[PDB]
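What follows is a short report on a single structure.
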Amino acid sequence: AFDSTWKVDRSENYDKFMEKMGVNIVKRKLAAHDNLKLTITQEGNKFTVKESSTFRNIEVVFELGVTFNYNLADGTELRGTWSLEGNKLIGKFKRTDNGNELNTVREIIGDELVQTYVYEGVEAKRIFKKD
């Protein structure tokens with residue numbers, strides 16, 4: 001289901017994830033602590049995800065199974081699919097420029113949305129409370 005406004009409390013291991021992408025010592029500090037709010041709205045199969053932070057305020061409009069570019073706000077695109085396994089969004093993604101695969105799991109732990117991004121064995125969790 002997912003449909004709600006979700007402000008970031010914490011961003012766990014996101015600095016080492018952005019080192020394995022390949023960034024300078026600016027985007028590691030700023031994009032881990034950018035104040036990201038996810039307003040998720042599903043109109044008819046398509047999820048309209050309004051992503052508002054210090055870097056960018058944009059709506060990611062995706063149907064379940066469509067291959068799209070997810071942009072990190074640095075110099076890094078991920079091409080792939082958020083698909084719904086019952087109540088969990090399984091993200092089958094890969095890099096445009098490296099070619100390397102990325103598994104990302106969106107799920108609610110009670111009253112907090114975890115987006116669990118695994119790149120090169122390195123797991124990063126951006127954790128958003130209901131707010």
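Residue numbering restarts at 1 for every chain of the structure tokens, chains are lettered A, B, ... in their displayed order, and ligands are numbered from 1 as they appear.
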Could you give me, as a tab-separated table, a per-residue list for stretch 8-56 of chain A showing, wherever an atom lies at most 12 Å from an atom of stretch 80-93 of chain A, the closest pair of atoms and their distance in Å to one decimal, using only C-alpha atoms and sorting by chain then residue number from low to high?
residue	atom	partner	partner_atom	distance
A:45	CA	A:84	CA	10.4
A:46	CA	A:82	CA	10.8
A:47	CA	A:82	CA	9.7
A:49	CA	A:82	CA	11.8
Report the closest atom pair, with its distance in Å rounded to one decimal, for each residue of stretch 30-131 of chain A that has an atom no farther than 7 Å from stretch 13-24 of chain A; count only C-alpha atoms, sort by chain and then rising residue number, and write it as JSON lines.
{"residue": "A:32", "atom": "CA", "partner": "A:14", "partner_atom": "CA", "distance": 5.7}
{"residue": "A:119", "atom": "CA", "partner": "A:17", "partner_atom": "CA", "distance": 6.7}
{"residue": "A:122", "atom": "CA", "partner": "A:17", "partner_atom": "CA", "distance": 6.0}
{"residue": "A:123", "atom": "CA", "partner": "A:13", "partner_atom": "CA", "distance": 6.9}
{"residue": "A:124", "atom": "CA", "partner": "A:13", "partner_atom": "CA", "distance": 4.8}
{"residue": "A:125", "atom": "CA", "partner": "A:13", "partner_atom": "CA", "distance": 6.8}
Determine the nearest neighbour of residue A:3 from the options A:52, A:126, A:101, A:108, counting only C-alpha atoms.
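Distance minimum relative to residue A:3 lands on A:108.
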From stretch 5-71 of chain A, collect each residue whose DSSP state is strand (DSSP E or B) and return the set as a ChimeraX atom specification.
/A:5-12,37-42,47-52,57-62,68-71
Would you mind listing, for every residue of stretch 15-87 of chain A within 8 Å of stretch 7-11 of chain A, the two atoms forming the shortest contact and the distance between them in Å to one decimal, using only C-alpha atoms, sorted by chain and ascending residue number, as JSON lines?
{"residue": "A:32", "atom": "CA", "partner": "A:11", "partner_atom": "CA", "distance": 5.7}
{"residue": "A:33", "atom": "CA", "partner": "A:11", "partner_atom": "CA", "distance": 7.2}
{"residue": "A:35", "atom": "CA", "partner": "A:8", "partner_atom": "CA", "distance": 6.1}
{"residue": "A:36", "atom": "CA", "partner": "A:8", "partner_atom": "CA", "distance": 5.6}
{"residue": "A:37", "atom": "CA", "partner": "A:7", "partner_atom": "CA", "distance": 4.2}
{"residue": "A:38", "atom": "CA", "partner": "A:7", "partner_atom": "CA", "distance": 6.4}
Interatomic distance between atom CA of residue A:43 and atom CA of residue A:116?
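These atoms are spaced 24.9 Å apart.
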Counting only C-alpha atoms, which residue out of A:107, A:67, A:1, A:74 sits closest to residue A:25?
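That would be A:74, the residue with the smallest distance to residue A:25.
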Would you mind reading off the distance between atom CA of residue A:44 and atom CA of residue A:95, one decimal, in Å?
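Atom CA of residue A:44 sits 28.4 Å away from atom CA of residue A:95.
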